[PDB]
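Student: The structure that follows is given in the form of structure tokens.
Where a number appears in this text, it was derived from the coordinates with a stated rule and is not lab data. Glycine gets a Cβ as well: all are built from the backbone with ideal geometry, and neighbour counts include every protein chain shown.
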Amino acid sequence: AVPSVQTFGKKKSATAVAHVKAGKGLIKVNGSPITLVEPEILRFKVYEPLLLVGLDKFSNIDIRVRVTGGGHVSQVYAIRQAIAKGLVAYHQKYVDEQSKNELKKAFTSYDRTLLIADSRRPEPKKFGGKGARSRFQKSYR
Amino acid sequence: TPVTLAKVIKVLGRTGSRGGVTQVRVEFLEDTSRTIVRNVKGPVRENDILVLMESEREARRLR
Amino acid sequence: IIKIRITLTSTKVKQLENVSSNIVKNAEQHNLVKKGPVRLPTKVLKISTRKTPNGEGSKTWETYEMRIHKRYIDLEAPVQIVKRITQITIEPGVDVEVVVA
Amino acid sequence: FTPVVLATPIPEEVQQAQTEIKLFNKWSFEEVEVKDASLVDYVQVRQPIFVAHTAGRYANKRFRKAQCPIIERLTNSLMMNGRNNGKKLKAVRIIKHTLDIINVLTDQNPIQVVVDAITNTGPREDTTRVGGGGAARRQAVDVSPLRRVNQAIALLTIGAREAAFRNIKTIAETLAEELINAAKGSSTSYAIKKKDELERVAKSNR
Amino acid sequence: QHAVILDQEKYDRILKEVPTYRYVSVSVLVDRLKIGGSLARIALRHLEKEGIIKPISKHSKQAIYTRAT
Amino acid sequence: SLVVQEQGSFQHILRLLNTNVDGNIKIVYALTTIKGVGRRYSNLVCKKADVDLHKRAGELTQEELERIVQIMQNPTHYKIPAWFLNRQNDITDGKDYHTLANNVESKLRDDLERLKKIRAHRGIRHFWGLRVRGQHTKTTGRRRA
Amino acid sequence: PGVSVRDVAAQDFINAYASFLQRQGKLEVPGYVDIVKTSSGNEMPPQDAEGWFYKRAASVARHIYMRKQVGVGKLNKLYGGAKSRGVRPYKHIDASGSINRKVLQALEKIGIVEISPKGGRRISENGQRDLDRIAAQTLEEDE
RNA sequence: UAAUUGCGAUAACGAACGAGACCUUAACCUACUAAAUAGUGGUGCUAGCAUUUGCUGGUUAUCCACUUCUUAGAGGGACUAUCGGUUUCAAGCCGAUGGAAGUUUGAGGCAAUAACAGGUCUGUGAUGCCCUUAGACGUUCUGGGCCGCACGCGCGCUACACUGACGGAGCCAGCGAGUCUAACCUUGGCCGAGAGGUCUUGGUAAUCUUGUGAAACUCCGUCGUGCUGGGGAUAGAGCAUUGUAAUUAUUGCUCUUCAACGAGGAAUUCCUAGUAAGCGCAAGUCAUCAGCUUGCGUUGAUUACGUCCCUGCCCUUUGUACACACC
């Protein structure tokens, strides 16, 4: 009854939680369709997990993604995480493990961090400078 | 334009005062036996192809 | 019976966790619904003096941290057993307040 | 191509040109090859990318930046001179207009124009400085294939930046006409003039 | 410097020269002809309602066009 | 699709408020050469005089050019708010005046002479040629000219 | 098969709804429409002086639909921007509160939003109606 | 080797401090411990479309279930694991795969022996000696000064514009702070162009301010190479706030005034990956004032993977007429 898998995707502050349940195939982000994700130039980034493995895989699954935190570019990289993670976790649980496998191989061969979060984190600022490494200008005389 | 191609077969080491010049021995890509040793500016790997204006200088170690 | 709340604020985790364990230990030896320990996010109080007396030297900066740990448990109990649970759990470093309603 | 009807609208112009072969915005990554030897496998346009925006780590290793697509390397050199630092969204928009303009004048693939412009602009003999004592002599040396790509992207973006600074033409149009003029040996571009001046200096210094 | 108003000797300079241009834009109209830029954005819509040039990209900061035929 | 084919009534450099107003620029920023009005005042007087803002100053013939200038002398009787005025309850009369092209120097000189002959601190600083507001002059303010 | 404002883009819907408010007729716009800079951090009055208020009303009505409820202070922070205070660095400055209050009072009078419990203004019964009407034909605008 | 870090060789053997270890913080956990002060799904009530069973919502606890997301307890995980290649065959180094993580995983905290006539007597009811101690060098109150400007120097902020300015539209965070005998953070309603005023409310705080709806950014339009609509210095008039008091403009807002500056000589600073740089936000000081500082997040690169050439540092050898030690 109502086979659903929840997942999450992270980019540098953001968290996009995606619910992948069985249905007709609507992919809505924050209540808006996937065509309405409007930084307007990263529109294919939210499309890359959709169209790397074919649109026919989404003919029966409903995906709802809600984002929080991060920025305008960081949120986009968090949705495409949760789309790929939501697709591969759904196929791990509810259909054949053979089907789960090439999805992971298709995402790995085009690894744009679809499945794995990058561990890059902001270094803390120290005193004596305006940044983590940069230092205040000295005059010597 | 007698542009001659060559490929690095062995990276000897860095040269120059600041160590920004790398000395390499290059195989001539057109005949087997002749190999000349020259010096490059940027980063070179093993078996990467080079371009020489003239293969006559036989560059020595920079100061 | 009456619905009460035990809130514990502390600076020492070791002097807080086993007391919250002791608070809940006197709570399931006889049976009643727990609504047990919910740990609030820790509060870090930061003070940044420089390092020094009068400002000679390199501009070195410090950071002094005080860590606050908070928990609350929402229990319901008759009045005669609400009394001796907040008298036996007396221990250093942690304050205990009980909300009547 | 058997389109799939779906609850999501996902309009027809999106998936018709990508599901068989994944493209650029709308541009083919096939039939483009580095015509000039020693700039193979340092100029990387093998795997296609939809847009030139990747949050990839290329500075963690010595030679890992060569695996970055050169379209994204061109956008990285576009965001320069302080006020444009960290504005990759603008740089992608600049390069999206630029590839469209390049096709308008010359009807071939703009990716192919960019690739051969990189090869034509790379200096092939540079000059180092040998200090010693006094005169600070100059010595002509060779140049790495990686540095040829590094200087080509640097010279093409700088000349595009300088031409569009106090001018009514946009940066995208100046970048396009620089790459067009640098595709051939026209010597009307800043990058070809700088490469020729650098080579004739090294010719005198050898 | 640059004209800001048409005077019947700059209207006609559009119809038999812009269809001889494979690339027209705001900067193109002010470079080959001497127009004041504001009219260049107006003229690109004038040659849009009637078929002279066709769009292949639309953007507020860059307008790229090609000939209709 | 909004070109006109006007050729005769277009005018070159023209004189309003005894000041040279540039002809081939937009009217809102054409009026800004009058010392006493700015960009936001010229925007208001063009809307109050029923002037299309897109037209160049080479257009706009005589009769609503008179409308523009009549608005400029007398703003109060044309529902222009008092806080938009240049001088409100100014120094002597208590009424609201918007100082215009040639009167800006006169009203400023009258203001400067008034607080000079009163021997206030501002007037003596103005007479000395120093900075009149509370700003440091140990480092900045060089090259007085 | 049933569409909402969330299924249509933000920019074209606001343009269509402001144009719908243009041809509708009654919004009792204030008398200071062409006088006010709309922000204490701005520089110029709005360039489209005939329809900036209707665009503000369409944007406010869309914002109320997507959210639970908003106040004037939330609208002031949302529509505000960075102020160029000159030689000093920029900082965030809230927008004008009188225009946002007059927009909300104009919307209440024509009956698209109502006053709400726990503060703020929620959208009305007809507010979901006329929003979803304008959300409807915006999808079929392509002939 | 980052390391007097180790393999080793050895008139040395066995030790101690420093380093490392350690502690804090950021990364991974569908594994446990359960959360109406964090969420999620269904269930009730109810709205809009479609009507076909659907989508987008609202509903302070209507109820039920769970902990993926959030929190914090105990833990696990990396030790360079596996493979390949190099060396005296060792300490190690390099390449590839796997992994959340392979530079000591990133960053800090802590940090030797010896020393400086380094700074601080203006932090101290820390203090010796000298001075003063009633017309006082004590203390208090009224004004003023610390800010005064022919000029020189150091840290910075804003710019010299089209990768831009301006006007609408989208709307995206993290670190934190906040009032019982006192007026702290302030939601919401009303008035006002704005600054701001007024009536209430929530919060001693994962509860409310606050999703701090930040800014750069993104569309659409105006501008059109013009010191121009870049820049807002300087100056005039008025309206408000804090304060016993605003003049020597405290500061905020409105109108006007519209300077230099067209990428900066000799010199010179900082920086190797979520780094520089761009951008704003919280806190300190606060009654009022942030162009400063301490932190935080947003966007996010080019170039190196080296050398001792300049400036310095560690060890060995070597010369010395130096030991206040090449000033």
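Student: I'd like to compare D:116-127, C:48-59: which one has the highest average count of other Cβ atoms within 10 Å, and what's the full order after that?
Tutor: Ranking, from highest mean packing down: D:116-127, C:48-59.
Student: Still on this structure: Considering only G:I99, G:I112, G:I35, give the residue with the highest GNM mean-square fluctuation for chain G, with springs between Cα atoms whenever their separation is below 10 Å.
Tutor: Evaluated over chain G, the most mobile residue of the options is G:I35.
Student: While we're looking at this one, here's another question. Any idea what Rg and Dmax come out to for the range E:6-68 if you just take the C-alpha atoms, in Å?
Tutor: 10.7, 31
Student: Shifting gears a bit: For E:56-64, what's the mean count of beta carbons from other chains sitting within 10 Å of each residue's beta carbon?
Tutor: On the way: counts 5, 5, 0, 4, 0, 7, 11, 2, 9.
Rounded to a whole number, the mean comes out at 5.
Student: Let me ask another. Positive end of the dipole of chain G, charges at C-beta (+1 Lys, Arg; -1 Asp, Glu), about the Cα centre: which of G:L78, G:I93, G:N15 has its Cα farthest in that direction?
Tutor: Final value for the positive-end residue is G:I93.
Student: Run the dipole for the protein assembly as shown about the Cα centre, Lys and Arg Cβ at +1, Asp and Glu Cβ at -1, nothing else charged, and hand back the magnitude in debye, nearest 20.
Tutor: Around 5380 debye, computed over the protein assembly as shown.
Student: What whole number of Å gives the distance from the Cα centroid of the range G:1-32 to the Cα centroid of the range A:51-67?
Tutor: 32
Student: Could you give me the radius of gyration and the Dmax of the range C:1-91, taking only the C-alpha atoms into account and expressing both in angstrom?
Tutor: In Å, with Rg to one decimal and Dmax whole: 19.9, 66.
Student: Pulled fully out, how much extra length does the chain show between D:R200 and D:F63, if you take 0.36 nm times their separation in residues and subtract their Cα-Cα distance?
Tutor: This chain segment gains 46.4 nm when fully extended.
Student: Quote the relative contact order of chain B in percent (integer), defining contacts as alpha-carbon pairs under 8 Å separated by 6+ residues.
Tutor: 40
Student: Peptide A:23-32: average number of partner chain Cβ atoms within 10 Å per residue?
Tutor: Numbers: counts 1, 3, 6, 4, 4, 4, 0, 2, 5, 8.
The per-residue average across the peptide is 4.
Student: Let me understand the protein assembly as shown better: what is its radius of gyration from the alpha carbons, and its Dmax, in angstrom?
Tutor: Reported Rg and Dmax, both Å: 35.6, 104.
Student: Which whole number gives the average count of other chain Cβ atoms within 10 Å of the Cβ atoms across peptide D:162-173? Working shown, then result.
Tutor: Working: counts 0, 0, 1, 0, 0, 2, 7, 6, 6, 2, 6, 8.
For this peptide, the per-residue mean of nearby foreign Cβ atoms is 3.
Student: With chain E treated as a Gaussian network of Cα nodes joined by springs under 10 Å, which of E:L15, E:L44, E:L29 yields the largest mean-square fluctuation?
Tutor: Maximum fluctuation in the GNM of chain E, among the listed residues, is at E:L15.
Student: Would you mind calculating the relative contact order of chain E from Cα pairs under 8 angstrom and at least 6 residues apart, reporting the percent as a whole number? Please report the intermediate quantities before stating the final value.
Tutor: Details: 72 pairs, mean separation 23.2, N = 69.
The value is 34 percent.
Student: Put +1 on the Cβ of each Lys and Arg and -1 on the Cβ of each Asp and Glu in the protein assembly as shown; which of A:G54, B:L12, D:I10 then has its Cα farthest toward the positive end of the dipole?
Tutor: So the residue we want is B:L12.
Student: Under 10 Å, Cα contacts only: if you run a Gaussian network model on chain A, which one of A:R121, A:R80, A:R112 comes out with the highest mean-square fluctuation?
Tutor: A:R121
Student: Taking the Cα centre as origin and putting +1 on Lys and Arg beta-carbons and -1 on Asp and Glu beta-carbons, what dipole magnitude results for chain D, to the nearest 20 debye? List each step's numbers first, then the result.
Tutor: Values: 32 positive and 22 negative charges, 274 e Å.
Dipole about the Cα centre, nearest 20: 1320 debye.
Student: Could you list C:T11, F:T61, D:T157 so that the one with the fewest beta carbons within 10 Å of its beta carbon is first and the one with the most is last?
Tutor: F:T61, C:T11, D:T157
Student: Under a point-charge model restricted to the Cβ atoms of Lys and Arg (+1) and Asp and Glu (-1), what is the dipole moment magnitude of chain F relative to its Cα centre, in debye to the nearest 20?
Tutor: 1440
Student: With just the Cα atoms of chain B, tell me how far they stretch along each of the three principal axes, in Å, largest first.
Tutor: Ordered largest first, chain B gives principal extents of 33, 23, 19 Å.
Student: Which whole-number percent is the relative contact order of chain D (Cα, under 8 Å, 6+ apart)?
Tutor: Once normalised by length, the contact order is 20 percent.
Student: So if I take the centroid of the Cα atoms in the range G:49-77 and the same for the range D:85-156, what is the distance between those two points in Å?
Tutor: 49
Student: Give the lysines whose C-alpha is closer than 17 Å to that of F:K116, dropping any in the same chain fewer than 8 places away, or say none.
Tutor: The qualifying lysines are F:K107.
Student: Of C:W61, F:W83, how do they rank once you tally other Cβ atoms within 10 Å and put the fewest first?
Tutor: Fewest-to-most Cβ neighbours within 10 Å comes out as F:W83, C:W61.
Student: Taking the dipole about the Cα centre of the protein assembly as shown, with the C-beta of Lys and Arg at +1 and of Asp and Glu at -1, give me whichever of F:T33, F:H136, A:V2 is farthest to the positive side.
Tutor: Result: F:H136.
Student: Additional query: Among bridges DSSP assigns within the protein assembly as shown, what percent are antiparallel (round to 5)? All intermediate terms of the calculation are to be shown ahead of the outcome.
Tutor: Values: 81 of 86 bridges.
Of those bridges, close to 95 percent are antiparallel.
Student: From the P(r) of chain F, can you give the percent of Cα pairs sitting at distances over 24 Å? Display every interim value, and only then the final one.
Tutor: On the way: 5026 of 10440 pairs.
So the pairs more than 24 Å apart make up 48 percent of the total in chain F.
Student: If all Cα-Cα distances of chain G are sorted into 10 Å bins from 0 onward, what percent lands in each bin, rounded to whole numbers?
Tutor: Spelled out bin by bin, chain G gives 11, 39, 34, 13, 3, 0 percent.
Student: So what's the angle, to the nearest 10 degrees on a 0 to 90 scale, between helix F:103-117 and the longest Cα principal axis of chain F?
Tutor: The angle comes out at about 10 degrees.
Student: Describe numerically, in nm with one decimal, the distance between label points set 7 Å from Cα along Cα→Cβ at C:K51 and at F:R40.
Tutor: Taking the simple label geometry, C:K51 and F:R40 are separated by 5.0 nm.
Student: Within 10 Å of each candidate Cβ there may be at most 11 other Cβ atoms; applying that plus a DSSP loop requirement, which chymotrypsin sites (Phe, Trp or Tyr not before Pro) in the range A:65-141 survive?
Tutor: Here the chymotrypsin sites (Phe, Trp or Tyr not before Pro) that fit, given the DSSP loop and packing criteria, are A:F136, A:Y140.
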